[PDB]
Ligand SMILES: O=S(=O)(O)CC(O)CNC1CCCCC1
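Listed next as structure tokens is one chain, alone, in the form deposited without the ligand.
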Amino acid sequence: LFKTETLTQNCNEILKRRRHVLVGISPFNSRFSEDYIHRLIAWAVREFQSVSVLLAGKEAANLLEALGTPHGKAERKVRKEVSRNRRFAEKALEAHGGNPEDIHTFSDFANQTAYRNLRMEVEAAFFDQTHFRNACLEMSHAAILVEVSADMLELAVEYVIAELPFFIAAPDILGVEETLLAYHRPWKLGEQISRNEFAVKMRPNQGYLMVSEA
């Protein structure tokens, strides 16, 4: 039903224990359709003890703004899109035996200590290390995905910075022992992170699970 590919041999060991998976769902991404979300979550609930859903926070508007959508309309548009992702995930979670309250957005933790610490770690790296800054900008290019300017990227990159703590430690934010972030795309930044190319480090209880249909 789904084929999986881990980041590291560590990501693989977390995978073997099947404790928690954090399923990402992106706004405005043709991948996530009601039927697809239903299948993914179905598979998650089967394969793991515990399933959580991660949605896009407020900075998702930065993406629409980079595409020239005006600021006010951008927030309203993101609100509609994300609340719609939520409704689809709630349905699926309810239907397959998961907990409908296990949906979060990456903005929900803004005042949480664990989230703020991590966001600081990422900002310090973003500003200090040029390599990291560029990896991040490449990634925000990926997110916006008719020409793309450097200012568009300085805008959209807020999205990548806000999201990243769930990629490097979700467990600290959600209070869970260990977890895998499941998503359909390859994560290039993650591959570099895993090789110790930056001051940002993936926590030993976190892993990235690339998931694809079968």
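We number the residues from 1 along the sequence you see.
Another form, the form deposited with the ligand bound, is not on view; read the next lines as being about it.
Counting ligand atoms within 2.4 Å of backbone or C-beta atoms, the overlay of the ligand from its pose in the bound PDB entry onto the shown chain yields zero, and the pocket is open.
No residue of the trio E59, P70 and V157 has any heavy atom within 4.5 Å of the ligand in the bound PDB entry. Between the ligand and the residues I103, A135, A143, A74, the one pair within 4.5 Å by heavy atoms in the bound PDB entry involves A143. Exactly one listed residue, out of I25, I193, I14, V21, brings a non-hydrogen atom to within 4.5 Å of the ligand in the bound PDB entry: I25. Although the partner is absent here, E178 is not a contact residue: none of its heavy atoms lies within 4.5 angstroms of the ligand in the bound PDB entry. Not displayed here, the ligand is kept clear of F48 by more than 4.5 Å at the level of heavy atoms in the bound PDB entry. For the chain shown alone, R31 is not a contact residue for the ligand in the bound PDB entry, no non-hydrogen atom being within 4.5 angstroms. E65 falls outside the set of residues with a heavy atom inside 4.5 Å of the ligand in the bound PDB entry. From the list 146-154, 34-42, 170-178, 48-56, the contact stretch for the ligand in the bound PDB entry under a 4.5 Å heavy atom rule is 48-56.
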